[PDB]
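First come two forms of one protein chain, each written alone as structure tokens, so that there is a structure 1 and a structure 2.
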Structure 1
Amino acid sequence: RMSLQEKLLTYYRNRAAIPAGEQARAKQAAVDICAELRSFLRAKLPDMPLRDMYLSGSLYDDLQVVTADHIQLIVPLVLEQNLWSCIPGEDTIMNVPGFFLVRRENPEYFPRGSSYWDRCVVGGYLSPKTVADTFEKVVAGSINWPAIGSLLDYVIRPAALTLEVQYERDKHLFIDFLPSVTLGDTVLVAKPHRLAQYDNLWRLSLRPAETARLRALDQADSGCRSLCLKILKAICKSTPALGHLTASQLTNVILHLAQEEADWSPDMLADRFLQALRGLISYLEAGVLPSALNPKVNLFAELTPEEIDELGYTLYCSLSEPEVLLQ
């Protein structure tokens, strides 16, 4: 009979880990499109204030699990300090940490037209929706995907902000464009809040710091923090009743545990996995999962009380059903 340690490594091998060739070729296809858009953007849209779009997401980080089929292209707006301010959610009437307003400064003094992005402002705030609608239309209006693909031998076709890239004749990858804004030390992305009434808010960007801290910890001591995370990701992705859980939530569960446990030797994987599980359950029971980097942010905040309850129950039930959890 197998130890839990072995069952987890077996599971990772057979289910979580992407075939290494697929992982590299998928990622390289995304890298290829990125560079070609780098040239296009300069040549075609000098009008629009942006920097070079860059890749982001698990696929780029060797953190994607089960299958290599998605990655983000960050579309980084250039905003000048004088014209824009970001308001933290705790200071808005919405009162939601982890989300910001992007306020256009004093239009009596800086009239509409002082920035290209004035055309995406609503009621004095830069709109995440509108920025994304606007960018979509302006790229569509000048981009020739058929010749880009022709160039790279990829077949590329938009779905709206999502490209389906057919790199090998039988393989695909989805690239979606994620508008971003950096004001001072704050990085935001146009990833909408779940609820419509919060649709004026930009989302605080957490992933890069989180995943960097995860790498730093693992690199320093050669630990299994990333391996444990990927297993957790594959389980949640593979289990329908767990669909609500996110990679960011799981990563922060790991980060909290790492603050209390120094030994993440390969031999402790089983023990840490169990702590992670019992940790996740407990956060759900309290209905609060603080961000390890921004403890004011509750990562369960977009989950209803009943959804959190069913997540907790599903996980408690799975303790008796290890073979369904590791299918």
Structure 2
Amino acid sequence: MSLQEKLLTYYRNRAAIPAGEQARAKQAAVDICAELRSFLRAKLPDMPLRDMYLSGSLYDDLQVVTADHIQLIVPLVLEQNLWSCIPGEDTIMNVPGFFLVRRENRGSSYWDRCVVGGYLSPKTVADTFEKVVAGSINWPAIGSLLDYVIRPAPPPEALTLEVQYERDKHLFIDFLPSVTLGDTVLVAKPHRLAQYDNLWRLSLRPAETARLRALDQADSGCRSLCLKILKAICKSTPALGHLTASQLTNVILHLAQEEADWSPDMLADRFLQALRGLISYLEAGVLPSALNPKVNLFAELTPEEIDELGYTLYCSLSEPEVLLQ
């Protein structure tokens, strides 16, 4: 067996989600999203929100192995002249890709109630919606027309709803509060290290995945397929699960800037280059976002975690087949 064959087999038998399970899980999310729009509009009339919408690999057909999770973005409405955002590189935290949202001027904002010390706290905003999720046990049977049962998730996932749809099938939808100031999009997705957990996170995923799609659509290439394999590999072990979709996506994107030919027969070649690149970034302790180079996507990892990942992947260019096992 060529590495090529083993890669395609692994994708087919391990990475890929059955088209049925995949489409069905997506439709569950779509259905619930539409329901939560109507209901929460009446359940929280005072709260300045845009329409909520779905986001994540399940929505993008980049989810792997099993289809069980998706984000529901909750867009806060902010009066643009009552708030400004401060990029981390200009703060004392000095963390690019993470923002402060500072309260400004006069006026009143509904969201003043989540401001502490003159800043809109992502955690305080998150707590407003932990309340909403916990309150879901008071709601009527939403989606009961399409035989869905919505339940707050088992602790400690205080922002997650559990949706059971027939039968013994569950989809986990977490609320992801978001703010848009000018053209900067931020989400309350805590920095992995707690010190930075009250900084807002710059939303990079939509632009990352759009770039990935556009590149593959231009030439029917295999960038997405190679990515999905990596994502499923990194879901295989505890060690490798410290690697993220975003990190792997940007590994691919960087490699795409160097390699134009992503024909399906080049998959094994690209997979090794991807591993190679991944090892270099880990060696350097730096993986810059392809779309915003100022942002090091490895900056939520401790240097030891980074060294251990490097160790975990040390023999991968010469025993790659081992990752598929």
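Under this definition, the rigid core comprises the largest set of C-alpha atoms superposing within 1.5 Å between the forms. Every residue number counts along structure 1's sequence, beginning with 1.
Shifted position (C-alpha, 2 Å or more, core held fixed) between the two structures, chosen from 9, 24, 319, 17: With the rigid core superposed, the residue that stands out is 319.
Relative to the superposed rigid core, does residue 138 relocate between the two structures - that is, does its Cα move 2 Å or more? Superposed on the core, residue 138 moves its C-alpha 2 Å or more between the two structures.
Core-aligned CA displacement of residue 296 at least 2 Å between the two structures: No: residue 296 shifts by under 2 Å between the two structures.
Cα of residue 43 displaced 2 Å or more between the two structures, core superposed? Superposed on the core, residue 43 moves its C-alpha 2 Å or more between the two structures.
Per-residue Cα shift, residue 282, between the two structures [Å; core superposed]: Its C-alpha position differs by 0.5 Å.
Between the two structures, how far the Cα of residue 195 shifts once the core is aligned, in Å: A shift of 2.2 Å.
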